[PDB]
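Residue strings, one per chain:
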Amino acid sequence: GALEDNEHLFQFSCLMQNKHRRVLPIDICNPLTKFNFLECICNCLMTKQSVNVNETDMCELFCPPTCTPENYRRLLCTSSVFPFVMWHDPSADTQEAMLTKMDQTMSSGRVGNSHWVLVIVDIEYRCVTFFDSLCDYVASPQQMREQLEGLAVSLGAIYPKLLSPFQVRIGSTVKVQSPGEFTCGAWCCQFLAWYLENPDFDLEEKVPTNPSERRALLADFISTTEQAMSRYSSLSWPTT
């Protein structure tokens, strides 16, 4: 499927930036997994905070290799929504295995037991939102809430205004991907698009119960979003 590969998720995050002008495109040269996502979310928001007080050096340090430092600073300056996608495969119990299996699936296409989930950090609402199209593929939802609540303390202090923690929302209130579908990527994009449209949406209201109707929603989302992404420069960062 088109939206299951990291590059096409990058291109989707570029598109949300060109549509909404407040989204930080994600950095696929720094793959996240359950091993390193919390740390990287933290580094990103500290970089954002430093840009706020005219400190450009930590920024040059964390700049994505395919993006110019000044352009990265500018995008951080205007972003209030930070999407992060975590890749996961329950076979791997090291980061080097996790990343080796990730490179394999992206190079060959074969999905296997791989899966994407979504974290959105929103500094306009001081909220962290989690979305898993299967609900508990990586961990139990309370285990994920716990991890995330701890990140929210970190973020409240990293990004003031005083240092109170961010709110944590679990957005995947119910399962949206049935068992034999390889659609998590697309579901993460569609959740993000709905979030940008209105950050107070309920997923249960968007998604039909009937399995054909649900599949049809996403299929329409995929075609239309694939069409908007065709006419692009390949893997270039947007400008401000």
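Conventions we followed
- Residues numbered from 1 in each chain as written, not as in the entry; some residues may be left out.
- Heavy atoms only, no water.
- Helix = DSSP H or I, 4+ residues; strand = E, 2+ residues; numbered from the N terminus.
- Areas by Shrake-Rupley, 256 points an atom, 1.4 Å probe, with all protein chains shown as cover.
- Salt bridge = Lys/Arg side-chain N within 4 Å of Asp/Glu carboxyl O.
- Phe/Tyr/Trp six-rings, centres within 6.5 Å; stacked < 30°, edge-to-face > 60°.
- Buried < 20%, exposed > 50% of the residue type's maximum accessible area, 1.4 Å probe, protein only.
- Disulfide = S-S within 2.5 Å.
- Pairing = 2+ DSSP bridges.
- Polar contact = N/O pair within 3.5 Å; in protein donor to acceptor, adjacent residues only side chain to side chain.
- Contact = heavy atoms within 4.5 Å.
- Axes fitted to C-alpha atoms, helices over the stretch in contact; angles between N-to-C directions.
- Expected span 1.5 Å × (residues − 1).
- Parallel < 35°, antiparallel > 145°, perpendicular 65-115°, else oblique.
- Left-handed = near helix turned anticlockwise from the far one by under 90°.

The deposited coordinates for this entry were obtained by X-ray crystallography, with a reported resolution of 2.29 Å.

Undergrad: What is the right way to read the overall build of the protein chain from this model?
TA: Counting its secondary structure elements, the protein chain contains nine helices and four strands. Secondary structure elements of the protein chain occur, N-terminal to C-terminal, as α-α-α-α-β-α-β-β-α-β-α-α-α. In terms of overall dimensions, the protein chain has C-alpha extents of about 50 × 40 × 35 Å along its principal axes. Roughly 12,000 Å² of accessible area belongs to the protein chain as shown, and the carbon and sulfur atoms make up 50% of that amount.

Undergrad: Help me understand the pattern of salt bridges, please; the structure alone is not making it clear to me.
TA: In a structure, side chains of opposite charge can pair up when their charged atoms sit close to one another. Applying the stated criterion to the full structure yields seven salt bridges. Residue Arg214 pairs with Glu181 through a salt bridge whose shortest N-O separation is 3.7 Å. In this pair, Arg214 sits in helix α9 (residues 211-230) while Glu181 sits in the loop between β4 (167-170) and α7 (184-197), placing the two residues 33 residues apart along the sequence. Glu181 is the partner of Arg215 in a salt bridge, and the nearest nitrogen-oxygen pair spans 3.8 Å. Placement of the pair is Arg215 in helix α9 and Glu181 in the loop between β4 and α7, with a sequence separation of 34 residues.

Undergrad: What's the story with the packing of aromatic side chains in this structure? I'm lost.
TA: Two aromatic rings are characterised by how far apart their centres lie and by the angle between their planes. Applying the stated criterion across every chain, the model contains six aromatic pairs. Note on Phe131 and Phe191: the rings are 4.7 Å apart at their centroids and 15° apart in plane angle, and the pair reads as stacked. Here the two residues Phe131 and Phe191 agree in accessibility, since each one is buried. Three or more aromatic residues joined by ring pairs form one cluster here, namely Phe131, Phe191, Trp194 and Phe201.

Undergrad: Honestly, the state of the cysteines in this entry has me stumped. Any pointers?
TA: Covalent bonding between the sulfur atoms of two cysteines is what defines a disulfide. This structure, assessed with the given rule, holds zero disulfides. Sulfur of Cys135: no disulfide; nearest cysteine sulfur belongs to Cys188 and is 12 Å away. By relative accessible area, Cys135 is classed as buried at 15%.

Undergrad: Before we go on, may I ask you to explain the pairing of strand β3 (residues 127-131) in this structure?
TA: When a strand is regular, its side chains alternate between the sheet's two faces. A large share of β3 lies buried, amounting to five of its five residues. What you see with β3 is no split at all: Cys127, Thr129 and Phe131 on one side and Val128 and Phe130 on the other are buried throughout. Two strands pair when backbone bridges link them, and strand β2 (residues 115-122) and β3 are joined in this way by five bridges, in the antiparallel orientation. The residue bridging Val121 from the neighbouring strand is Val128, located in β3. Once β2 ends, the chain turns through four residues before running back antiparallel as β3, passing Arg126 with a positive phi of about 50°. In this structure, β3 lies alongside β4, joined through four bridges in parallel fashion.

Undergrad: Mind showing me how you'd approach the side chain of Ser79 here?
TA: Along the polypeptide, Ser79 turns up in the loop between α4 (69-78) and β1 (81-88). Within the local environment of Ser79, its side chain forms a polar contact with the backbone oxygen of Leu75, the two atoms lying 2.3 Å apart. Setting aside anything within four residues of it in sequence, one finds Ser79 in contact with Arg22, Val23, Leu24, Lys48 and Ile123.

Undergrad: Just to check I follow, could you spell out the sheet that holds β4 for this structure?
TA: Strand pairing in a sheet takes place through backbone hydrogen bonds and is either antiparallel or parallel in direction. Reading across from one edge, β1-β2-β3-β4 is the order of the four strands in this open sheet, with mixed pairing throughout. Each of the sheet's edge strands pairs with one partner strand only, and the pair in question is β1 and β4. Going across the sheet, the axis of each strand differs from the next one's by a mean of 20°, ignoring polarity. Relative to β2, β1 is paired through eight bridges, and the arrangement is antiparallel.

Undergrad: Sorry if this is basic, but what is going on with the pairing of β2 here?
TA: Of all eight residues in β2, eight are buried; the element is thus mostly enclosed. A two-sided burial pattern is seen for β2, the buried positions comprising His115, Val117, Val119 and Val121 on one face and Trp116, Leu118, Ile120 and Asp122 on the other.

Undergrad: Would you explain helix α6 (residues 141-158) in this entry?
TA: Residues separated by three or four positions in an α-helix point in the same direction, a consequence of the helix having 3.6 residues per turn. End to end, α6 covers 25 Å across 18 residues, agreeing with the expected 26 Å (1.5 Å per residue, within 8%). Buried positions along α6 lie against α2 (37-52), β2, β3 and β4.

Undergrad: What is the right way to read the packing of α2 against α6 from this model?
TA: A pair of packed helices is captured by two measures, namely the crossing angle of their axes and the spacing between those axes. At their nearest, the axes of α2 and α6 sit 10 Å apart, and the two run at 15° to each other. It follows that α2 is roughly parallel to α6 by the angle criterion. Of the two elements, α2 crosses α6, and the hand of that crossing is right-handed. On α6, the residues that touch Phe37, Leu38, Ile41, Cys42, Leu45, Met46 and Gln49 of α2 are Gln147, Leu151, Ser154, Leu155 and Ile158.

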